[PDB]
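S.K.: A single structure is presented below for examination.
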Amino acid sequence: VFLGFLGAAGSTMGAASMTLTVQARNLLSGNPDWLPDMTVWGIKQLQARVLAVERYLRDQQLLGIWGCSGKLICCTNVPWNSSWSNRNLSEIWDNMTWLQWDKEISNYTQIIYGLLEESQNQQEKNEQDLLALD
Amino acid sequence: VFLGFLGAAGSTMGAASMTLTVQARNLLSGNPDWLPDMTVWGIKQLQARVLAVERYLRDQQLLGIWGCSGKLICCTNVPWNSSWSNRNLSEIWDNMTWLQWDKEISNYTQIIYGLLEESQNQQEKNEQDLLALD
Amino acid sequence: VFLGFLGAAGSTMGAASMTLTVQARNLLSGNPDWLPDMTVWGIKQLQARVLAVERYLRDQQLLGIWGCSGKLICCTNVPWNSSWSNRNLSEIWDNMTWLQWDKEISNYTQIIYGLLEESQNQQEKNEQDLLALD
Amino acid sequence: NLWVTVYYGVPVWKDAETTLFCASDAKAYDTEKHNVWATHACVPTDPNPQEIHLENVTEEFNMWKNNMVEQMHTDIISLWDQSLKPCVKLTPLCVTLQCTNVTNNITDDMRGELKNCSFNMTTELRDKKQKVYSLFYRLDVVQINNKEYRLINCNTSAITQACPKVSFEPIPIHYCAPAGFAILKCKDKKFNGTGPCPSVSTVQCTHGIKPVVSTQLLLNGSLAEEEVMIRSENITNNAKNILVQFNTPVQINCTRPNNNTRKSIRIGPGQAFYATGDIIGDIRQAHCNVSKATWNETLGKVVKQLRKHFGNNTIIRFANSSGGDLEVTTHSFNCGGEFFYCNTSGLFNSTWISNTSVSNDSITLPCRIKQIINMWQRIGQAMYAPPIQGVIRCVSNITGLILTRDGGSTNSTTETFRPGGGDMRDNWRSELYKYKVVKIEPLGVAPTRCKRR
Amino acid sequence: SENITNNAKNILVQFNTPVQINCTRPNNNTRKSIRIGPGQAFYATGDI
Ligand SMILES: *[C@@H]1O[C@H](CO)[C@@H](O[C@@H]2O[C@H](CO)[C@@H](O)[C@H](O)[C@H]2NC(C)=O)[C@H](O)[C@H]1NC(C)=O
Ligand SMILES: *[C@@H]1O[C@H](CO)[C@@H](O)[C@H](O)[C@H]1NC(C)=O
Ligand SMILES: *[C@@H]1O[C@H](CO)[C@@H](O)[C@H](O)[C@H]1NC(C)=O
Ligand SMILES: *[C@@H]1O[C@H](CO)[C@@H](O)[C@H](O)[C@H]1NC(C)=O
Ligand SMILES: *[C@@H]1O[C@H](CO)[C@@H](O)[C@H](O)[C@H]1NC(C)=O
Ligand SMILES: *[C@@H]1O[C@H](CO)[C@@H](O)[C@H](O)[C@H]1NC(C)=O
Ligand SMILES: *[C@@H]1O[C@H](CO)[C@@H](O)[C@H](O)[C@H]1NC(C)=O
Ligand SMILES: *[C@@H]1O[C@H](CO)[C@@H](O)[C@H](O)[C@H]1NC(C)=O
Ligand SMILES: *[C@@H]1O[C@H](CO)[C@@H](O)[C@H](O)[C@H]1NC(C)=O
Ligand SMILES: *[C@@H]1O[C@H](CO)[C@@H](O)[C@H](O)[C@H]1NC(C)=O
Ligand SMILES: *[C@@H]1O[C@H](CO)[C@@H](O)[C@H](O)[C@H]1NC(C)=O
Ligand SMILES: *[C@@H]1O[C@H](CO)[C@@H](O)[C@H](O)[C@H]1NC(C)=O
Ligand SMILES: *[C@@H]1O[C@H](CO)[C@@H](O)[C@H](O)[C@H]1NC(C)=O
Ligand SMILES: *[C@@H]1O[C@H](CO)[C@@H](O)[C@H](O)[C@H]1NC(C)=O
Ligand SMILES: *[C@@H]1O[C@H](CO)[C@@H](O)[C@H](O)[C@H]1NC(C)=O
Ligand SMILES: *[C@@H]1O[C@H](CO)[C@@H](O)[C@H](O)[C@H]1NC(C)=O
Ligand SMILES: *[C@@H]1O[C@H](CO)[C@@H](O)[C@H](O)[C@H]1NC(C)=O
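Residue numbers (the authors' numbering), protein chains in the order written: chain T, 518 to 547, 547A to 547H, 569 to 664; chain T', 518 to 547, 547A to 547H, 569 to 664; chain T'', 518 to 547, 547A to 547H, 569 to 664; chain G, 33 to 140, 149 to 185, 188 to 309, 312 to 321, 321A, 322 to 401, 410 to 504; chain G', 274 to 309, 312 to 321, 321A, 322. A prime marks a further copy of an entry chain.
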């Protein structure tokens, strides 16, 4: 079910995964047309929609430095750690929201980015270079 | 044959497909250097070349949400509909321009984007997730 | 070894290849927050960080038109020419810096981009289209 | 058994503050008033407001720590400043004016205060100077000591005339959310203002808000839902204001009856000053009528909502203002171009029993008129209101109230709610209480069973 | 120096140890705020 933009904010993470393109398509293009030339009021909203694309490109750089690159669902090779949210499957995807999920991960979220940027492409690329000659 | 930028605007779609990089490379970088600091005249052209990259990123988002992603030629899995331009092969690629093509498709063009964004990655990704565990 | 940003500027090209993400992550996001609304001083630094992303997108277009596309290490199918730096292997990657390398290539660097943009995707894509039907 | 996996486009937002947009309402091209409030820059409204209710979503709102109110305040201030920048300055008007009382002080028990001033102003040329007259009105000095006079506006800041081409009619301006961000709108009828909204929706563009500068009484505001709302950042603290939102609108009809005229006297090579001409016909003070039955019902409905906070079967009172600034002690607003300062001393004389209170078809309120305003927080500029040629009559809906409680040890006794105001932001919290700005963070991680290569 | 041989080019000198300097305006001065124009106000050097 669609339910439009952010419709599954309180639904399960599994049901919320069914609407990734919906949340993705409405964040980048909130296009205001600034054809009228008004002096001091344009710089504020221009800075706003420029910092918007700066944050978007920061997220895209983070999603490119990883083995994942497709702006979609993707799998990695970094194992999940039992210290992070000691929960089984179906307990997460059927009785939890992405908000509470990021809240519980926020304690251990900072090292996961490092494990994804270094334990992967800093070694996966090097293995790709030393295993593509044969 | 090259014939430079937009050289094959009146040629066949097949011959025009031979110059995709030519039309692609000259649309993104029409770089003006705005080192001189002139007050009210910079905001107009700055808004212009910012809306340029906004439109470019809208096109890139549309070309990323689809199964296609390489900024090149690409094939999909959505079947062509006989209602859309009841024509055979070689009739299109050897006696038609991209202008007249988009003109004839403009009547049915709006639903093709939906068939490419939903009938593909809203199901192709989900099949990829449920067929990558074995 | 990391040695931080640009730490391997005087080291070998092989050792410098171990820190690609380090030089890549600090060039795109030098984010200044421009929440204060100051008239004539914002346009200069705004033009600066807009030309920054323009140059970044020029580099990304150059790295997309080629067969390479992953913002990482990548291999091509264009053969190395003996006229370009008449040197053997291990002589380059173990007694040379990227600065001196680009200096020696600067005489022949301009045609390599053309050999990568035309001798590859202007023929590799066309071969991909005429070899994906069976 | 299970591996980390990234998901892009997940419904995850975090509360933050960023620059917003503004709407052109789409009727801006057909107004053709050259420049209204924000007709200058805002973009036309989308054909369909994307209002999407989010089921199972409860979001904690806090209207008193909101940043949209600060954005709208700074935007209104810059609007005033950029609207008055290219207009006619009147710095040569700060001269000596030999004035005289009006020729009609009939029955001096009633008041009549308009000064037939005359003064030597600069003309088209710089060599000669010409004597003109007719500045009028109450705001002036008492002179240092036909009686001499001068402008206290000159005793404070510089003066500039408002452009006669622009208008002050509030156009419906609704803020919009940029790319990457969204606006959460609460939907339940009764809202505490601070707390968890159980019925939340999301939008980009808000609902139409009219920028009205008013004190003591909120005009042309958004009606409440079924119940009168009594909002406050801290009800125990006396210093914090008390906002009141009505269920039913209170009809008000304000009138400047002086069938007035104007005089365009040329000053400087390009400028031209609009002076208040002679009053043709009879004269009487401007006023505002409110139907007494509707006001009685409104007070009897608000007192029961106040008893929920300050005790059942108790008495509350409210007299007129205490004292201080003219803009704080008087209901001040604009209409047609003329700025009305009315005294609400005739509406707040009430004590309340547990069931009743302690004919008259309508209640009238006297109102003075002011043309030079120092309401700008920049005490370096003031605006001269151009005179309006003709009679003025403007109707409006009263929708809100701003009250202050008398402090002290008044527990065993009764409580008093005197009218007040001052801060412009309180005028905006009656419209942005249901709105919160959030930023989207669509990058999530979760464990599932899959393997690469 | 950009060119030590050329006389016209300046000679910059940077110290190792800082040289202490103490500057004093001893006139226990006062000011006068005389009003000029509708908003402006000029600050004049009062009597010493
Ligand atoms: C404010 O003005 C309106 C319109 O002039 C008044 O509404 C009228 O009220 C009278 C008496 O009830 C009716 O006979 C008219 O038919 C009404 N006209 C309209 C257009 O509604 C209103 O009563 C006035 N309010 C006050 C407090 O004076
Ligand atoms: C999990 O994390 C802890 C501490 O962060 C670490 O000691 C342990 O080795 C990790 N285990 C796995 C399997 O990642
Ligand atoms: C969902 O339900 C299970 C079992 O009832 C429980 O263990 C789990 O903690 C619940 N999820 C949350 C986020 O509380
Ligand atoms: C073609 O389009 C028509 C109407 O748009 C639809 O009814 C039909 O099912 C489509 N057929 C295919 C093969 O897509
Ligand atoms: C090209 O020629 C064929 C056959 O002569 C014809 O059927 C077709 O309509 C032509 N193309 C266009 C666009 O008219
Ligand atoms: C190398 O370059 C020269 C001149 O640029 C050219 O003649 C020759 O064919 C090239 N050889 C290869 C193998 O690319
Ligand atoms: C590195 O050393 C080798 C052998 O000593 C030499 O041939 C080569 O030119 C050196 N590299 C550079 C850049 O001089
Ligand atoms: C006449 O003008 C004087 C000016 O000082 C004022 O004090 C007095 O009240 C006026 N009388 C009227 C308006 O009847
Ligand atoms: C004007 O006011 C004065 C008081 O200052 C009063 O004596 C006089 O009757 C009033 N009317 C006229 C016409 O002068
Ligand atoms: C005001 O005084 C002027 C003389 O300067 C006179 O012409 C005019 O009629 C007077 N107006 C009134 C209302 O007394
Ligand atoms: C509303 O919020 C305030 C916050 O201090 C709280 O004290 C109060 O109990 C809440 N409910 C009502 C009905 O005021
Ligand atoms: C106002 O006065 C003018 C001039 O005497 C007159 O023409 C006009 O009719 C008056 N206004 C009304 C509503 O009658
Ligand atoms: C309030 O009413 C009293 C009389 O009850 C009056 O003296 C006073 O001027 C009025 N206004 C204020 C601000 O007190
Ligand atoms: C207002 O309502 C009270 C309570 O019923 C009543 O005593 C009073 O006469 C009313 N005032 C009017 C009708 O003017
Ligand atoms: C409120 O709306 C009315 C429309 O009837 C309009 O005449 C008036 O100017 C608006 N503003 C105020 C402050 O009354
Ligand atoms: C006052 O409220 C009524 C009730 O909906 C509405 O019909 C009318 O247009 C409103 N007038 C103003 C000026 O807001
Ligand atoms: C400067 O002069 C004033 C006025 O005579 C005096 O109060 C003050 O003490 C003097 N300064 C010092 C440092 O004594």
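All C-beta atoms in this analysis are idealised placements derived from N, C-alpha and C, irrespective of residue type, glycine included.
(1) According to DSSP, simplified to helix, strand and coil, what is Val254 of chain G?
(2) Is the Cβ-Cβ distance between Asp547G of chain T'' and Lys574 of chain T less than 7 angstroms?
(3) Considering only heavy atoms of ligand 11, does any lie closer than 6 angstroms to the CB of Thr90 of chain G?
(4) Mind checking the region 650-661 of chain T'' against chain T' and listing, in chain order, the residues whose C-beta falls within less than 7 angstroms of any C-beta there?
(5) Got a sec: is the Cβ-Cβ distance from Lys574 of chain T' to anything in chain T below 7 angstroms?
(6) Is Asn611 of chain T'' near ligand 6, with its Cβ less than 6 angstroms from a heavy atom?
(7) Of all the residues that make up the region 584-595 of chain T', which are near chain T by a beta-carbon distance shorter than 8 angstroms?
(8) Take every Cβ of the region 76-84 of chain G, pair it with every Cβ of the region 623-636 of chain T, and state whether three or more of those distances are shorter than 8 angstroms.
(9) Since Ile359 of chain G and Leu349 of chain G are thought to touch, with beta carbons under 8 angstroms apart, how far apart are those beta carbons, to the nearest angstrom?
(10) Can you find at least 3 beta carbon pairs, one from the region 267-283 of chain G and one from the region 79-91 of chain G, that sit closer than 8 angstroms?
(11) Using a Cβ-Cβ distance under 7 angstroms, would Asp664 of chain T count as near chain T'?
(12) Between which two residues does the alpha helix (DSSP H) holding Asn656 of chain T'' run?
(13) What residues sit near ligand 8, counting only those whose C-beta is closer than 6 angstroms to one of its heavy atoms, in chain order?
(14) Check each candidate in T':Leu593, T':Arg585, T':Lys655 and name the one with the smallest Cα separation from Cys605 of chain T'.
(15) Check the Cβ of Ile603 of chain T'' against every Cβ in chain T and list those closer than 7 angstroms, keeping chain order.
(16) Answer yes or no: does any C-beta atom of chain T'' fall closer than 7 angstroms to that of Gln577 of chain T?
(17) With distances taken Cα to Cα, identify the nearest neighbour of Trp427 of chain G among G:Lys305, G:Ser199, G:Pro238.
(18) Measure from the alpha carbon of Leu619 of chain T' to the alpha carbon of each residue in T':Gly527, T':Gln652, T':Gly531, then state which is nearest.
(19) Between the region 518-535 of chain T and chain G, which residues of the former have a C-beta closer than 8 angstroms to a C-beta of the latter?
(20) Could you pull the DSSP bridge partners for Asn332 of chain G from this structure?
(21) From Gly597 of chain T' to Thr290 of chain G, what does the alpha carbon distance come to, in whole angstroms?
(22) Alpha carbon to alpha carbon, how far is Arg617 of chain T'' from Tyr39 of chain G? Give it in angstroms, no decimals.
(23) Is the beta carbon of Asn301 of chain G less than 7 angstroms from the beta carbon of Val442 of chain G?
(24) Using DSSP with H/G/I as helix, E/B as strand and the rest coil, what is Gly644 of chain T'?
(25) Would you please state the rounded distance, in angstroms, between the beta carbons of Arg542 of chain T'' and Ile595 of chain T? I believe it to be under 8 angstroms.
(26) May I ask you to list, following chain order, the residues of the region 421-434 of chain G that have a beta carbon less than 9 angstroms from some beta carbon of chain G'?
(27) Should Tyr384 of chain G and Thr399 of chain G be called a contact, given that it needs their Cβ atoms to be closer than 7 angstroms?
(28) Buried or exposed: where does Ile430 of chain G fall if 16 or more other Cβ atoms within 10 Å of its Cβ makes it buried?
(29) Residue range of the alpha helix (DSSP H) that residue 666 of chain T'' falls in?
(30) Any heavy atom of ligand 3 inside 6 angstroms of the beta-carbon of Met434 of chain G?
(31) Hey, is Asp180 of chain G close to ligand 10, as in C-beta under 6 angstroms from one of its heavy atoms?
(32) Since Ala533 of chain T' is in the alpha helix (DSSP H), which residue starts that stretch and which ends it?
(33) Assign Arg166 of chain G to one of three DSSP states: helix, strand, or coil.
(34) Assign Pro437 of chain G to one of three DSSP states: helix, strand, or coil.
(35) Once the 5 residues before and after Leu646 of chain T'' are set aside, which same chain residues still bring their CB inside 7 angstroms of it?
(36) By how many angstroms is the C-alpha of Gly521 of chain T' removed from the C-alpha of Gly644 of chain T''?
M.R.: Short version:
(1) coil
(2) It is a contact, given that the beta carbons lie within the stated cut-off.
(3) no
(4) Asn651, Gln652, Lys655, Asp659
(5) yes
(6) yes
(7) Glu584, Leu587, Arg588, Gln591, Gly594, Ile595
(8) Segment contact: the region 76-84 of chain G against the region 623-636 of chain T, fewer than three CB-CB distances shorter than 8 angstroms; contact not assigned.
(9) Approximately 6 angstroms separates the beta-carbon atoms of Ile359 of chain G and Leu349 of chain G; this is inside 8 angstroms, confirming the contact.
(10) no
(11) no
(12) 651-659
(13) G:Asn133, G:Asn137, G:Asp140, G:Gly152, G:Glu153, G:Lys189
(14) Cα-wise, what sits closest to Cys605 of chain T' is T':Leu593.
(15) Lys655, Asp659
(16) yes
(17) Closest by alpha carbon: G:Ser199.
(18) T':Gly531
(19) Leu520, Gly521, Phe522, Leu523, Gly524, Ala525, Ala526, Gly527, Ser528, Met530, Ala533, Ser534
(20) G:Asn295, G:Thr415
(21) Near 55 angstroms, if we compare the C-alpha coordinates of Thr290 of chain G and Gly597 of chain T'.
(22) As the crow flies, the alpha-carbon of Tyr39 of chain G is around 46 angstroms from that of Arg617 of chain T''.
(23) yes
(24) helix
(25) 7 angstroms
(26) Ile430, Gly431, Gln432, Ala433
(27) Result no, Cβ atoms of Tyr384 of chain G and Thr399 of chain G do not sit closer than 7 angstroms.
(28) exposed
(29) Because residue 666 of chain T'' is not part of the residues shown, which for chain T'' are 518 to 664, the question remains open.
(30) Answer for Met434 of chain G: no, Cβ out of range of ligand 3.
(31) no
(32) 530-533
(33) coil
(34) coil
(35) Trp596, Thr606, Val608
(36) 15 angstroms
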